[PDB]
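Protein chains in written order, with PDB author numbering: chain 66, 117 to 348; chain 88, 42 to 508; chain DD, 77 to 151; chain BB, 287 to 396; chain UU, 2 to 51; chain VV, 159 to 211; chain LL, 45 to 172; chain HH, 2 to 161; chain EE, 288 to 477. Beta carbons: idealized from backbone N, C-alpha and C, even for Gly. Okay, so here's the structure we're looking at.
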RNA sequence: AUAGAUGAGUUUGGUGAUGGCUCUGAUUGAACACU
RNA sequence: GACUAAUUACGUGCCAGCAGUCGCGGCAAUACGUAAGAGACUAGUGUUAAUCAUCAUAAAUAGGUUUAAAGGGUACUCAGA
Ligand SMILES: [K+]
Ligand SMILES: [K+]
Ligand SMILES: [K+]
Ligand SMILES: [Mg+2]
Ligand SMILES: [Mg+2]
Ligand SMILES: [Mg+2]
Ligand SMILES: [Mg+2]
Ligand SMILES: [Mg+2]
Ligand SMILES: [Mg+2]
Ligand SMILES: [Mg+2]
Ligand SMILES: [Mg+2]
Ligand SMILES: [Mg+2]
Ligand SMILES: [Mg+2]
Ligand SMILES: [Mg+2]
């Protein structure tokens, strides 16, 4: 599969950092998955660090390798989309073979299909990473001019990221309001508060705090993971 | 119309019986059975509100491939509507008159839906078929008659007019048979309904059960056009035919059929009756003296206003669309609720059951109406107080798209003669072969030639008598 | 695995047409009849890119692609 | 070439020859039969319940089906005169045309 | 059960399925039997029901 | 909330497409389960006595 | 059986199958030490033929069993302490045990090259 | 009791195996409850209470059954119309689950699991074509009609 | 092209109607091989009865069976019969069977179950060959009574030909059998 | 927790069944032999 | 040897021996011993012992009893279903 050329990576960096466009808009504009757009920015930010700290880039290695790989040029020539930004994950429940008996003239929609798989399952209309594309396509059906349809799409994505950025802000705040930082002569003691009564009806709760009693060491079991599983 | 829009438009009104209609569902067959045998399955608002939602719903299905309508008892399929109840409401001021206008609003929405139905529709005329029963059938591609069938339109007898789509079917029947059946309110029985053209097939009442169990087996392909589907059902109905009567002859044929074309070709009921007197006169070369005298004794009893209005719609309906027809009739029917003849004819004949003597129309007879009088235009003028009839769909047409499954008529025989150069006997075999041995083709085609065909070229060939 | 959903399809259809007929949609004439008719039947409504198999068998060794040493070799 | 098999079999006495009708079931060949009160109706595709022991009833049924075939052959040959073929080349002969052009295609270059 | 399995009532269903696709995957199906379209719209009648 | 939602569903109206498509079953068979005493139980018992005698 | 018959205890454990080496299976032991009461020869049954080197061992548990001596040539005799393991000689009746070759007194096959771990043979060390 | 439902299930199997167009059942509210669900699910063609002789075949729906009193309650019977499509009975198998010796009850979460084809309790998952009828406080329902109404109850039989 | 050096595919070329090159592209497999013996007036006569399957891998499967004094000849007889007895097998999304099926052949019961995509052919060795030849990719099988090599192939082949047809079950009951997985993704996701 | 359900050798002149045995999978607070 | 992935040569001659099951060895043994090769696991590898699963092989879920293990000699009956 092709790779984002060096020029394309820079274009993505300007639209998200300089022009301030939302990531969902740059994703839908260049057909680049939001997970890749967020990566191109992190990797570019690391280059600015090297260029600022006067570190030599592996330019000989970069050029020689990029010639070996197929590339897409975001901009003038829109030959093909870089990748499909609407790939939905196949949920286990949606994989079952169900033939539901219904009346001979029922309008069985995706909402009805989601409930036929489970009570908590959602239709693919809600499992998209850029769900604003549906509301954008519905505008075209209503003979809405393209220039106006694009306006509502930006305001829709720009407004969705505001809620996401607002949730994360309030989240991190609650994580700090629960920590009492007491500075001593040597270290800084962080007293995190929790509800010691949330241990489940039988004391076996996955999220309970404390070294559980009545369990020996699993250090002699096969397939026992003893290396870090998360570098945060 | 959406599913909820229909369920909300046909809410069960107070007084509706829960089982006026019985609905059955088989493999490919959906059945509608009128279930008021004590009243001869007479239509009413209660049962019209049960049929319309189903027909709209079965139309959204791909597994309902044949729709069959029929009656419950062995005596009647559908014997008119609840006109007796309409005469009472009309006597309760304008508030009661609109209730009647709303009834015809429902009845016409159903007939239009049947006429423009997008699935094969069959009607078992296994009993008397009058009034409302005619509207549920005539607009269908398949209309099966039996020895029990009795067709008639006794609307002019009660000071009314052929109401249910009759302004579209009768005007475009072969010859002047339309106006004759509508004005005189003639009564056809058995195979005569099949020779006239009201029915497309003729079976025996005992063969209908076996026919249904076969129609249910017919599983069409989704990609078959409506034409192919109607061809499969037409060939299936012709398998259960046990033959027409061996001795019963075409009633409206030959001399009588020729007289109808000469007497019912004018645009004034005064001239029509004048022509009938010539036939009834002694020495008339027509030879239908007995028939002409009988029809005269009938017209004198029919409402004189209904004759003018009826004869007027037969001449106008010939150029109307089917959708435009039900809308105009809804306006016409509204004027009859206000008129005096309708309320008198119904109250005198049906509510009184013939007691208190015969009816008393607004004019005592047709002689009271002077020549220059015009008592028809008043009924053909829309009333702004009566909202236009909103049909269940926007489909329409100027002529039935599929109405050539019956016997060949003057139109079919004419086209074959003006197109080809057949002979007397060769032409008859052209239809007996084209229809694949349909019972009655030889007798029908033979009759059409006896009237509208002469040896213009000698024994070599035959052409029309007109020119 | 994943499936591609075109927003243009989900905006115009709610999936009802996929349950027409007897539950699996309308039937199309066999292949030996389509080309016989000079007129090709209208394109059947469906999400673009359907009726193509997914190579599940080729993902037997996917868990190995998550190790750090392997990811370095794939980069 | 593989010998021909009938596209339709009209049996006037199914009860006496079930070997013929069973081979039609295996070969996927439709069949018509006169099913008498003691005959198994599952042996044919289209049943004609009737007395199969009378030569007068067998002649009528057979004659009626003979007229049906005659009436069908007349239409097929009438449509041909108008340039309308009511059938397509069978698969047996169809394949011959393909490999036949291949031999012509082989000599095309050579 | 000494009797044999007679599938005479399903000749069309069986023949139409065998003619739907080609045994050589990747090619259009050959022309079907000449009788397949003749009885396309003439299904068998129900039997054995009492 | 879990109670109201579950009680609402158990007492919800049937689907319209299920009403306009399901065949008819005469209420004389689908709802007449009660079996009352024969209204003529006394007249029949008096006639059965005469015939038995 | 009916639900009533099951409720009264119709389902019982299937009759036990005799183990290959009961002297070891009874006490869950993998091997047992014993003294050789007799070292002789046993004759196979109908199909096979030959002389099978067997030993009558008195296990430390008190049981007297007959063990098969695997390999070519042995060193044990009367009043010899040897280790016994499971596994039987299929063609010999009553020989339901084997002797370990790298045992206390029983020595491993000296001129053995293949499958030395089965016969308690040290590596020749000819290379070193 | 449940024994009548068990007899109704084995009888319909034998009537469909024999390819009978009609079949009679004892007239009980319990048999009527299961028959109405089979008719509501589309497995049978008709239900009519009548005498020891079947009503007129053609005029089956318009049949006028006489009132049921103590003078004829002993001779009443439920007449069922059976379906056969594609040379195969539409009601081939009727396997009971709850029997006189044991009444099997299922919860709402077990029925939700059996509806998608996963075993739960003494039941097994439903496959293509199979149906399951549960006797609940809201009447005899199909497992998918029960989970929709969010109720459990007594499991009657599995209809293939 | 000189592929048939013994004229063995000449008659098969007429019955089926495909070139020898297309015949060699089929997926054949000798499943069962029995050494049967018949006692005659002249002593024992041992034959080699074999069963062979043939398929395209895209919805066609055929079962052949023949015996002969030579093991090589029996494999050719069974192969010709397997290629001419091919039949179309219905598949759900061209990957699995419709629903569950259970067939019995003389004390050998086989139960085949449809499984979701990516489940694989978690079936025994002889069913893996038949599924891998017919084009099936997700299935679960189970022998309930007997594991007779011959009857396990006859029961498995008969089960693939007796799958519940949802198109017929719908017309029989007068109700749609909606393919939930098709409505959910707007089309068939093979 | 919705992916989780699998077989193989061996009785017969031969075939289909019945029915054990053994192997295939995982493991041990193990022991022994060669390392 | 087959189950079970992986071969030849020589020696031995129903002997010596191999063997979890079926089996192998009686003078031209891919089954024993040696040699080389090949197929595997690896600081472990094999073997013995044990447990679960295989085993719808004590079947509540979920079996069976005409001819293969298995219907009581009989049915009136308390308890029980
Ligand atoms: K009637
Ligand atoms: K067994
Ligand atoms: K043996
Ligand atoms: Mg006979
Ligand atoms: Mg032995
Ligand atoms: Mg070596
Ligand atoms: Mg013997
Ligand atoms: Mg090997
Ligand atoms: Mg060894
Ligand atoms: Mg060796
Ligand atoms: Mg280690
Ligand atoms: Mg006894
Ligand atoms: Mg005793
Ligand atoms: Mg005894």
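For the region 179 to 194 of chain VV, list every residue whose C-beta sits within 7 Å of some C-beta in chain 66, in sequence order.
179
How would you list, in chain order, the residues of chain VV whose beta-carbon sits under 7 Å from the beta-carbon of residue 227 (chain 66)?
Translated into the one-based positions of the first chain, residue 227 (chain 66) becomes position 111. The contacting residues do not exist; residue 227 (chain 66) stays about 14 Å from chain VV at best.
Less than 9 Å between CB atoms is the rule here; does residue 136 (chain HH) satisfy it with respect to chain 66?
In the eighth chain, residue 136 (chain HH) corresponds to position 135, counting from 1. So no, residue 136 (chain HH) is outside the interface.
Should residue 507 (chain 88) be listed as close to ligand 4, given that the test is whether its C-beta is under 8 Å from any heavy atom?
If you number the second chain from 1, residue 507 (chain 88) lands on position 466. Answer for residue 507 (chain 88): no, Cβ out of range of ligand 4.
Span separating the alpha-carbon of residue 229 (chain 88) from that of residue 59 (chain 88):
Numbered from its first residue, the second chain carries residue 229 (chain 88) at position 188. Numbered from its first residue, the second chain carries residue 59 (chain 88) at position 18. Going by the C-alpha atoms only, they are around 33 Å apart.
Please confirm whether any heavy atom of ligand 4 lies closer than 8 Å to the CB of residue 303 (chain BB).
Here the question's residue 303 (chain BB) lines up with position 17 in the fourth chain. No, Cβ of residue 303 (chain BB) sits at least 8 Å from all heavy atoms of ligand 4.
With DSSP run on the structure shown, which of helix, strand or coil describes residue 52 (chain HH)?
Here residue 52 (chain HH) refers to the residue found at position 51 when the eighth chain is read from its first residue. Coil at residue 52 (chain HH), not helix or strand.
Nearest-angstrom Cβ-Cβ length linking residue 76 (chain 88) and residue 63 (chain 88), presumed shorter than 8 Å
Numbered from its first residue, the second chain carries residue 76 (chain 88) at position 35. Numbered from its first residue, the second chain carries residue 63 (chain 88) at position 22. Your pair residue 76 (chain 88) and residue 63 (chain 88) checks out as a contact, with CB atoms roughly 5 Å apart and the cut at 8 Å.
Along the region 81 to 109 of chain DD, what residues have a CB closer than 7 Å to any CB found in chain UU?
106, 107, 108
Would you report the Cα separation of residue 123 (chain 88) and residue 370 (chain 88), rounded to the nearest angstrom?
As a working mapping, residue 123 (chain 88) is identified with position 82 in the second chain. As a working mapping, residue 370 (chain 88) is identified with position 329 in the second chain. Using only the alpha carbons, I get a separation of about 17 Å.
Based on the DSSP output, what are the partners of residue 171 (chain 88) in its beta bridges?
Numbered from 1 along the second chain, position 130 holds the residue referred to as residue 171 (chain 88). DSSP lists 120 (chain 88), 193 (chain 88) as partners of residue 171 (chain 88).
Spatial neighbours of residue 89 (chain 88) in its chain, beta-carbon cut-off 7 Å, leaving aside the 5 residues before and after:
Reading the second chain from its first residue, position 48 is the one you call residue 89 (chain 88). Once the five neighbours on either side are set aside, the close Cβ partners of residue 89 (chain 88) are 147, 148, 151.
Straight-line Cα distance separating residue 329 (chain 66) from residue 301 (chain 66)
If you number the first chain from 1, residue 301 (chain 66) lands on position 185. If you number the first chain from 1, residue 329 (chain 66) lands on position 213. Each residue's alpha carbon lies about 35 Å from the other.
Closest by C-alpha distance to residue 83 (chain LL), when choosing among 70 (chain LL), 108 (chain LL), 71 (chain LL):
For the purposes of this step, residue 83 (chain LL) is identified with residue 39 of the seventh chain, where counting begins at 1. Residue 108 (chain LL) is the option with its Cα nearest to residue 83 (chain LL).
Using a 10 Å radius around the Cβ and a threshold of 16 neighbouring Cβ atoms, would you call residue 325 (chain EE) buried or exposed?
On the ninth chain, residue 325 (chain EE) is found 38 positions in, with the first residue counted as 1. Label assigned to residue 325 (chain EE): exposed.
If you run the structure through DSSP and keep just helix, strand and coil, what is residue 78 (chain HH)?
Taking the first residue of the eighth chain as 1, we reach residue 78 (chain HH) at position 77. Correct three-state label for residue 78 (chain HH): strand.
At the 9 Å Cβ level, is residue 208 (chain 66) part of the contact set with chain EE, yes or no?
Position 92 of the first chain, counted from the first residue, corresponds to residue 208 (chain 66). Yes, residue 208 (chain 66) counts as interfacial toward chain EE.
If the cut is a Cβ gap below 7 Å, which residues of chain EE does residue 22 (chain UU) touch?
As a working note, residue 22 (chain UU) is residue 21 in the fifth chain. Near residue 22 (chain UU) (Cβ distances below 7 Å), the residues of chain EE are 346, 375.
Counting Cβ pairs closer than 8 Å, one from the region 59 to 79 of chain HH and one from the region 291 to 304 of chain EE, do we hit at least three?
no
Apart from the five residues on each side of it in sequence, which residues of its chain come closer than 8 Å, Cβ to Cβ, to residue 425 (chain EE)?
Against the ninth chain, residue 425 (chain EE) aligns to sequence position 138. Excluding sequence neighbours, residue 425 (chain EE) sits near 382, 383, 401, 402, 403, 404, 405, 406, 407, 408.
Using only alpha-carbon positions, find the residue among 165 (chain 88), 356 (chain 88), 442 (chain 88), 339 (chain 88) that is nearest to residue 244 (chain 88).
For this step, residue 244 (chain 88) is matched to residue 203 along the second chain. Nearest option by C-alpha distance: 165 (chain 88).
From this set, 307 (chain 88), 344 (chain 88), 421 (chain 88), which residue's C-alpha is nearest residue 368 (chain 88)'s C-alpha?
For the purposes of this step, residue 368 (chain 88) is taken as residue 327 along the second chain, with counting starting at 1. Comparing Cα positions, the closest option is 421 (chain 88).
How about residue 344 (chain 88) and residue 395 (chain 88): are their beta carbons less than 9 Å apart?
Numbered from 1 along the second chain, position 303 holds the residue referred to as residue 344 (chain 88). Numbered from 1 along the second chain, position 354 holds the residue referred to as residue 395 (chain 88). Contact flag unset, no.
Whole runs of the alpha helix (DSSP H) within the region 288 to 331 of chain 66, excluding any shorter than 4 residues
none
Where residue 249 (chain 66) meets chain DD, residues with beta-carbon distance less than 7 Å:
In the first chain, residue 249 (chain 66) corresponds to position 133, counting from 1. Residues of chain DD passing the Cβ test: 83.
In chain order, what are the residue ranges of uninterrupted beta strand (DSSP E) at least 3 long that sit wholly in the region 64 to 119 of chain LL?
75 to 86, 96 to 103, 108 to 112
Measure the C-alpha to C-alpha separation of residue 257 (chain 88) and residue 70 (chain 88) and round it to an integer number of angstroms.
In the second chain, counting from the first residue as 1, residue 257 (chain 88) sits at position 216. In the second chain, counting from the first residue as 1, residue 70 (chain 88) sits at position 29. Rounded to the nearest angstrom, the two C-alpha atoms are 5 Å apart.
Once the 5 residues before and after residue 270 (chain 88) are set aside, which same chain residues still bring their CB inside 6 Å of it?
In the second chain, the residue the question calls residue 270 (chain 88) occupies position 229. Taken in chain order, the residues that qualify are 161, 261.
Do you know how far the Cα of residue 468 (chain EE) is from the Cα of residue 57 (chain UU)?
Examination of residue 57 (chain UU) is not possible in this model, given that chain UU is present from 2 through 51 alone.
By alpha-carbon positions, which one of 96 (chain HH), 146 (chain HH), 124 (chain HH), 103 (chain HH) ends up nearest to residue 47 (chain LL)?
Along the seventh chain, one-based indexing puts residue 47 (chain LL) at 3. The residue with the shortest Cα to Cα distance from residue 47 (chain LL) is 103 (chain HH).
Since residue 504 (chain 88) contacts residue 458 (chain 88) with CB under 8 Å, what's their CB separation in whole angstroms?
The residue you call residue 504 (chain 88) lines up with position 463 of the second chain. The residue you call residue 458 (chain 88) lines up with position 417 of the second chain. Residue 504 (chain 88) to residue 458 (chain 88), Cβ: 7 Å. Contact.
Helix or strand or just coil, what does DSSP make of residue 162 (chain 88)?
The residue labelled residue 162 (chain 88) in the question sits at position 121 within the second chain. Residue state, collapsed to three classes: strand.
Measuring CA to CA, which of 100 (chain 88), 94 (chain 88), 108 (chain 88) is closest to residue 72 (chain 88)?
Position 31 of the second chain, counting from 1, holds the residue named residue 72 (chain 88). Measuring from the Cα of residue 72 (chain 88), the nearest candidate turns out to be 108 (chain 88).
Along chain UU, in chain order, which residues have C-beta atoms closer than 7 Å to that of residue 311 (chain BB)?
Position 25 of the fourth chain, counting from 1, holds the residue named residue 311 (chain BB). Chain UU residues near residue 311 (chain BB): 7, 8, 9.
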